[PDB]
Structure formats: structure tokens, C-alpha cells
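Asks: Begin with these chain(s), straight out of the complex:
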Amino acid sequence: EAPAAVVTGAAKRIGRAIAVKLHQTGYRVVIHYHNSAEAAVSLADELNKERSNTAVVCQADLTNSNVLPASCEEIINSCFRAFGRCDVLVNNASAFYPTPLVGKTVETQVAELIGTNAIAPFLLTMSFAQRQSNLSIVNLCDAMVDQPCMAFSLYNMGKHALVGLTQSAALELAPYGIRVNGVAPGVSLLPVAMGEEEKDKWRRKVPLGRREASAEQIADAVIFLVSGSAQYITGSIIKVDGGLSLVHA
Amino acid sequence: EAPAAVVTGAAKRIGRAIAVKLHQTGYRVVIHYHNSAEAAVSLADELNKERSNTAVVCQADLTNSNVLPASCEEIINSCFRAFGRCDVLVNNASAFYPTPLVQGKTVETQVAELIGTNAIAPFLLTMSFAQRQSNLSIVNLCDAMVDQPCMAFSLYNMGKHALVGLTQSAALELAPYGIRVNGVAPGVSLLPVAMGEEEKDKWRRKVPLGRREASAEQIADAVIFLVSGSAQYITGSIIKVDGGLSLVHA
């Protein structure tokens, strides 16, 4: 039988590209989404047209709260419900916006940025492990975590936390044969919305090709880490950044 | 006149050594605490006996919740209320206990305590500290073993990682306001009194420098340096004080 993967924030962009690739590799997929319901259903339709009964959606808010654990347990349950097994968890969903030190309340900023980037990945990881072949987890990290954007402190703390989870969980889950790794984009898939001037300025920063990563290039590193070619790899985070993190100010 | 400092978790152990040293250097101090009310009150008394009205206490749970932003703002407000200024913030308070990924606190409470105390409260205190504003600085108590974590301590470790991120992000963001932000990262310091000596010696044996743990005072020494005029160009730096422990392979 075919393996199954949960991908969070899989309706659009990088998450969708990862889902599409996992599916092309032979995986059945849970497409988790929060607000992008239409895109998610559309993607599941498209994947099931390709191989019937190989994709479902699963809606969940991944903001921190007292029910987040139940919500993460339900995401993993939903993969067992639809496919009888859960082989891969990809923690991709992420809030991202500035939170300067000097609309939203601070308690809400905390709950969204730390919840999505750190606490949900930990809770999904617990639920993944508890419900348990080549088992692994891939956390979408950030290659720029040690050269942070101005006024992104909560976002940065969450991606830092996610590094620590990758390491702690690689360590603790190894005795169960579950590998835990990360993929760290630099800049990838610019908002088609974003001004051409700013897009170009980001592109000019990148040593390798003066362009952003495609979503597919990020997906490719995910595919490697979950593959049989990465069986001895745990606790490793792979930058997919074209050298961006290496460039001095 | 004399500068002022807030030290969180300042009633006992490393926080207390930090407050005392800062006090000895001429600072007035806010001794924050949570449960150790007797220790905090006797510490303030000892210090005020030494110099009049140079120490006050401030109780607050730093678990993450909807009220944490107000509690943190009140901590900084207590410094201005007591002393008319707030020059230094030392984020030392920390919940520490295992949270296994696989098997009576609920996990959402463990999350709130471990990520609140170690990361979120630091961020909120930093916000209030900066908002309320010379040698201004913040020192965050980190952990030298953060990239070789203890088994079954994922939330604690996540909290300490997040705190490294905060140190960096805040150093960058507050640099234009002349606030430096640095870290001190102990390895093993002041082992629990309750821990058998024979258990303490298994930690001691791992330390290359002297086969022993750090004193509370040695940790405080790094804090005093970071807050001094000898460190005026230092920001975003995390100084390990671990006697080589983090260098030792398994």
C-alpha cells in the first residue's frame, strides 16, 4: 500500500508544491489548510482525478490556544481516518508579519506567530509519534534565522524554536525510527502581489542566479529528506537559499 | 544618581547572585519572584539594610496567558515607581522540567509555562522596557547546551532557542535606541540541594574546566561585565559560562 503524508498550509504556494510532489512520488496526502478552503478542495480534486482516493483536506486553525493540542491530534487522526497510516508530517504552515518592539493585540500576535511556527509543530509531532516503514518529519525552517528582518522578533523566535524542536525531536524519536529534519528556504515564491521594484531588490541579493527559489526547488529538498536516500539523516536542516544566508551586510 | 535594574526570578540561586552583584556595583534593584516570597522579601531587606530603599520586590507568574503583557508591563512599571528609571533588565526566571513527546499538568499548561517563562515573558518585558525609556541593556539567561538538548525536554529547549532569537532580533531592533541586548549561557551551575552528591558528581565529571559546576556568582560575573561600560560595543552576543561543557562530545 502507498504511504501517507500530512502537509500543513498545503492549499497554496510552497505547501501545495510539497503536497503535489509527495503525491507524484506515490504518497496519499492530507492537505491541511486554515482559510484557503477553495484552493485546498481544488487541489484535492486534482490529485484524486490523478489517482482516486489519494487526497483529503483538513481544516484547522494552528494559532496557540488551549485546544491547539486537540486540533493537532485531529489533523493526525484525519490522516489515519482517510488512509490507515501516517508516514510523513511536513510542518509548513506559518504566520509571518512584523511585530515591532516599540489591528491585532500582542497576545494574538504571540499566539499566531509562536503557535504556527513552533507550538503546532511540537503538538503535531507528539500526535504523530503517539499514533505510531520510513517514518519522518520535515519542518520548514528559515535560512535567515540568525540574520533576522527588522521588527520580526516573534516570527524569528518561532523559527528559532522550530530549530530546537527539530533537534530535540530528532534526538528523542530516533529510538522509534522517526527521523526529524528541516528545510530552510531563503527567499522563494515572491508574492505576485509584491511590487516589481521590491521583488527585484530581493532577487538581486541572491548569489546563485539573482532569483528566488521556486516552490518546486524547496519541495525537492523535502522529497530527499523523506526518501530512502536519507535514512541515516536526522536532526539536519538543509538550507535551500542560493547562498543568501552567506552574504554580509 | 544610581541606575536601576529588574532581575526576574531573583529570589534564589542564580537570579539572587545577579541581583546582589548588581546591587554591590551601585544599582538599585527590583527583585521579581513567583512563589519564593519569603526569600525575595528577606533579600530586599538585606539589601535595603545595606543601602536604604535600593530594593523592592515584585511578584508575578510569567506563564503565558492573556494577562502576561499587563504583568510584564507592571514589572517594568514597578521599577519606574520605585526608582524613577530602568537601565537594565535581566531575564532569568525559567520553568524547567521534562515534557516527553511520548508516554498532572496538561500539555497546554506545560507549553504556557515553559515557553512563557523562557521566551514570551522575556519578549514582553523587553517591549515594556524599551517602550518606557546612559548605558541601557538587557541580558537574557540562555543555555550553553541548547544544541545538545537533554532527552525529553523539547519545550524547555524550544523556549531557550526562542530566547536566542529574541536576543538577536532585539539587539538589532533596539540598537538605534542605544539598548544593547546580550545573553549569558550557563552550562551546569548550582546543582539542586536535593540532588544526591553522587548524582551531582556525574555532572561535575563532565566539565572539562575543574570537573565542577559554576557558582551562581560566576554566572553573575558575566552579567555584570555585559552591563558594564567595558561592553559598550557588545550587542547580540551570547557568552557561554560553561567550563567547556558544550564542547564535550557524547
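Replies: Received, thanks. Residues are numbered from 1 along each chain as shown, chains lettered A, B, ... in the order given.
Asks: going forward, measure contacts between C-alpha atoms and count neighbours the same way
Replies: Noted.
Asks: Buried residues in the host helix or strand of residue A:222, which are they?
Replies: In this structure, residue A:222 is located in helix A:215-226 according to DSSP states H and E. Residues A:215, A:216, A:217, A:218, A:219, A:220, A:221, A:222, A:223, A:225, A:226 are the ones in helix A:215-226 that count as buried (16 or more other Cα atoms under 10 Å in any protein chain shown).
Asks: what does stretch A:46-64 give?
Replies: In stretch A:46-64, counting by 16+ other Cα under 10 Å, buried: A:47-48, A:54-64.
Asks: before we move on, back to that, residues touching the helix holding residue A:222, excluding its own?
Replies: Contact with helix A:215-226 is made by A:13-14, A:17-18, A:21-22, A:88, A:134-138, A:181, A:183, A:185, A:188-189, A:230, A:233, A:238, A:240, as judged by Cα atoms under 8 Å, 6 or more residues apart in numbering or on different chains.
Asks: Chain B: which of the buried residues of stretch A:46-64 is nearest?
Replies: Relative to chain B, the closest of those is residue A:64; by Cα to the nearest Cα it sits at 9.0 Å.
Asks: Chain C comes next; put it on the structure above:
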Amino acid sequence: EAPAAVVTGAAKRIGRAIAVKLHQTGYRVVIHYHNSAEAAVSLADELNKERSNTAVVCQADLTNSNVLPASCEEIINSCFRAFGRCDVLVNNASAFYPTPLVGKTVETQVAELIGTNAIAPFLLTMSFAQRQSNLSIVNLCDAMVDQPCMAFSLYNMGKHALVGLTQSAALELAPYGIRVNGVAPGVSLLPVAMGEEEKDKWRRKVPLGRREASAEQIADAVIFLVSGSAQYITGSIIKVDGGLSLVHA
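Replies: Same chains as before, plus chain C:
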């Protein structure tokens, strides 16, 4: 045309697996060796048996000296002369032995350890860049670089310098389309001079499976990095260590 690769220290062990696996993937290979002449030549025979005119040998000492630049230049030249092109360089050759701070002279130890692990990599990189598709370099690093073996200061210095090179060369060669990455093993192929209690000691520290990596698992990561699935990856070092680097003392 089939692409071509140079693997240093390729007669035995991990270099051999890398050569074999590159060859299996379609590459023509230069098998560099220092003292293992008989194994290099039988490896070449075996690969040419499989596909004719796809493997040659090149002997060189990679110790640091006044002639090291010309040696490295001639290694790269072997590949151009045999195969008309050089697409991949793998810097795998490495001296490794204790050099206590408190037999060989210390200057010899410096030359061997720093030469094999860093300066030869640097010169080979220069020669490779200068002679110039999917071009890349893969440096064999060490996952335990920040928790070094006692009394191994020069080896560790050399491996640190190799991280340095990986990073600097990634930045500098990105404009030419040359990627530069690293693979950092933990423990792999324990020596035979090693006792049973000693090997068991190492194996027991490895979280993922309580075992060393196979040479093939290390090679899997090299193949990935040189592949089209790593087109956006430069300056990245992938640990392949079963989580050994994460284990506190």
C-alpha cells in the same frame, strides 16, 4: 556527453562508494589516491568493465608543500585530458590522527592535516573553477566539528577551515553557476584496528539505530547535492550522522 567527476581519496571506504555511486548515476570518474594503488586500479577496472572508458586513476600526495598547487592542478587536468570536461569535484581525501598539544615532526603533522583537509581542497577548487551544465563541489566535512575529539586539534582546525572554504567558495563561485556544498558524516565504517568494546562504545552513542553509517549512506547525500534536485542549494552542509552531533556528554 556523460559528465565527469573527480573524487579525491577514492580507492577505499567512503571515497570509493562516492565514486561508484557517481559512476552508477552516469558520471565518468577520476579516482585519485595516495598510497592505495592496487585498490584504485581494481576500482578503475571494475568501473570500466561496466562501461568502457569511464574511469581513470590519478596518484597524488595532498600534504601541504610548495608543489601542492601543481599537484592539484594536475588532478583537475587528469579529468580534462581523459574526459574533455570536469563537472563535479568531491574533496574526500583526509589525514586523521591525534596531535596532542602537550615520530612525525609537528610541521609534518601541520602539512598533512591542514593540507589534506583544507589547503588541497582550496587549490583543487581554484583549479576546477579556473578551468571552466550542473557544476558543483562537495566537501567532506565532519558533523562533530564543534565537539571535537580530544587531542585532535589540527584535524579539527582543518575541518573548520573546510567549512570556511565551503562557504566562501559558495559565495564566490555562484556567479559562474558553480555550487559548493558539504556532507558531514558522524561515524561511518569503523576501522578494523578498533576493538569490539571500542566500536560498541561508538555505536551506542548514535541515536538513530545505534550504528555507524554505511559508506553508501554518505554517498547518497553527495549524489543528492550534485543532482538537479539540489539546483538552488549552495553553501549548505548536510549532516549524515544519525543524530550523533545532538547527544550531550
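Asks: what do you get for the contacts of helix A:215-226 once chain C is counted?
Replies: A:13-14, A:17-18, A:21-22, A:88, A:134-138, A:181, A:183, A:185, A:188-189, A:230, A:233, A:238, A:240, C:224, C:229-232.
Asks: cool, stretch A:147-157 as well?
Replies: Contacts with stretch A:147-157, where a contact means Cα under 8 Å, 6+ apart, come from A:95-101, A:109-110, A:113-114, A:117, A:145, A:245, B:119, B:161-166, B:168-170, B:172-173.
Asks: Neighbours of residue A:248, how many?
Replies: 6 (other Cα atoms under 10 Å in any protein chain shown).
Asks: who touches it in this structure?
Replies: So, once contact is read as Cα under 8 Å, 6+ apart, residue A:248 ends up touching nothing.
Asks: that older thread, filter the contacts of helix A:215-226 to the buried ones?
Replies: A:13-14, A:17-18, A:21-22, A:88, A:135-138, A:181, A:183, A:185, A:188, A:230, A:233, A:238, A:240, C:224, C:229-232.
Asks: quick one, what contacts the residue positioned nearest the centre of chain A?
Replies: Nearest to the geometric centre of chain A sits residue A:92, at 1.4 Å (Cα atoms, centre = their mean). Each residue near residue A:92 by Cα under 8 Å, 6+ apart is listed here: A:7, A:8, A:9, A:10, A:14, A:15, A:139, A:140.
Asks: following sequence is chain D, place it on the structure:
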Amino acid sequence: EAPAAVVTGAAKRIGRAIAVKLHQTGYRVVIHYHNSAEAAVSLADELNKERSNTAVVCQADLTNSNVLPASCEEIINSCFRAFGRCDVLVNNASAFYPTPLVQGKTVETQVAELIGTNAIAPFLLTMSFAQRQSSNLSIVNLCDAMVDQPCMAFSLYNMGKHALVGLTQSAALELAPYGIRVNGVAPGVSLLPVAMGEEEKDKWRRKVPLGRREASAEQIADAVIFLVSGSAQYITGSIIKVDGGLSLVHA
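Replies: The block that follows adds chain D to the chains above:
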């Protein structure tokens, strides 16, 4: 009696600032130098004017070669010769210049100077320091806060500084049982070259979050002094950035 320190490359700039501050704190100093003879002798002169028989100069090339081990042994021997003891070693001397991968110094010579001064000489001086030994023995290596965002075409320089990080770590671990601490100070930008144009200096200064200015020599020396002092007795294997936040800035 007064402790003694060796400072490599101490005739001017950061090394002089370090030697000056150790001396003021009470140390006897070996001022090592390579080309700057006049500057070194003149510094020793001042320091001796301040306290008699507390400074000496010591000439050595720290380019890698087969005699470098003897040269490093002689540097340390010179401390014992003049002062009867050697408590502190500061590895400050450093060659710095580009070595582009793609294209009148030969590459041999580039490898020798950059890797010699930044790494191999520090290793050999550390060996000789430990070998020649209530004390406070330590080593401070001058590292580089930008070691993971290297300058274009500085590969040999960067390799050398990376190797120095490794030495700092390896030596801390190995020399701990002897009571010898080993730490690093990692400047960002400090003391801009003399002839650099106002335009270029401005561009560097504007990159620094804390104050938009390079570090003073004294600022770097402050961190060295901290690490050698009794306030750092449990500190080993640590590298303190003194960079005004520079290393945290993305491009």
C-alpha cells in the same frame, strides 16, 4: 610578583591596545612584532618608563614554514627569559588580503601567510605556552565576527579564521585539565585602514546597528581583559563578539 603576557602583533592598532591594557592592569608584556620595529620598541619604551623592566619586544615572522614551530617556541621562551613566567597568550597577529579563486604573491605564499598567521602560528604558540608551564593561565584568540558571512574573494583569510575557531574549541577542551582557559574575541569592524576614502569608511560605519561606527581599539581590548581576568574563571571555549550587532545584519 607581576604576571606576564605575550601579545602577538602588538606594535600597533588592536594588539597595542591589548598590550597597553594588560600592562595597566599590572602585567609584564612581550610585545611581538614582524615588520613594525620602531613602533614596537617605542611602545616598550613607554611602558618601561611607566614601570621599569615590565616590557620587551620580540621579532618573529609567523608565516607558515618548517621553522615556524621553533619561532613560536622562541616567542614563548622570550617571555620566560625576560619575566620568569608566562600567564597569558594573546594571538592577535594576522595577515589579511584577498585571494580570489578565479583569475605578485604566489599562492604558496598566500597559503603560508594567511593560514600561518591566522591559525598555524596560534596552534604552535598554544603548544609552546602549554608545554613550558594558584594561577590564572589563559589564551585569547582574535577571531572574526563575520566568519560565516565572508567577504568576497577572502577564502584563505576566512579559512584561517575558521580554523582559529576550531583551535579555540579544541585547545579549551584539551588544556582545561591543566588549568588553561582558551577563549576568543571576535571583532566586527574596528580601526579602519589609514588611507581608506571617506566614502568607503562611511559605507562600513553605516552598516553597524550600534552607533553606526567601528569599534575603538580599547573596546576590543576591554573584552580581552575581561576574559583574562578573575571575572571569567569558569569561561573557556567562548568566543565573544564585539561587533555592535554587525554580524546580525542581513544583506
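Asks: ok chain D is in now, so what about the contacts of helix A:215-226?
Replies: A:13-14, A:17-18, A:21-22, A:88, A:134-138, A:181, A:183, A:185, A:188-189, A:230, A:233, A:238, A:240, C:224, C:229-232.
Asks: ok, now stretch A:81-88?
Replies: By Cα under 8 Å, 6+ apart, stretch A:81-88 touches A:3-6, A:28, A:56, A:76, A:79-80, A:128, A:133-138, A:226.
Asks: Endpoints of it, how far apart?
Replies: With Cα to Cα, to the nearest Å applied, stretch A:81-88 spans 15 Å between its terminal residues.
Asks: Tell me how far it lies from the chain's centre.
Replies: 18 Å (Cα atoms, centre = their mean, to the nearest Å).
Asks: So which bits of it are buried?
Replies: Neighbour-count burial for stretch A:81-88, counted by 16+ other Cα under 10 Å, picks out A:82, A:83, A:85, A:86, A:87, A:88.
Asks: Residue A:182 pairs with what?
Replies: Note on residue A:182: beta-bridge partners by DSSP bridges are residue A:139, residue A:237.
Asks: can you pull the contacts of it?
Replies: Residue A:182 neighbours (Cα under 8 Å, 6+ apart): A:138, A:139, A:140, A:141, A:163, A:166, A:235, A:236, A:237, A:238.
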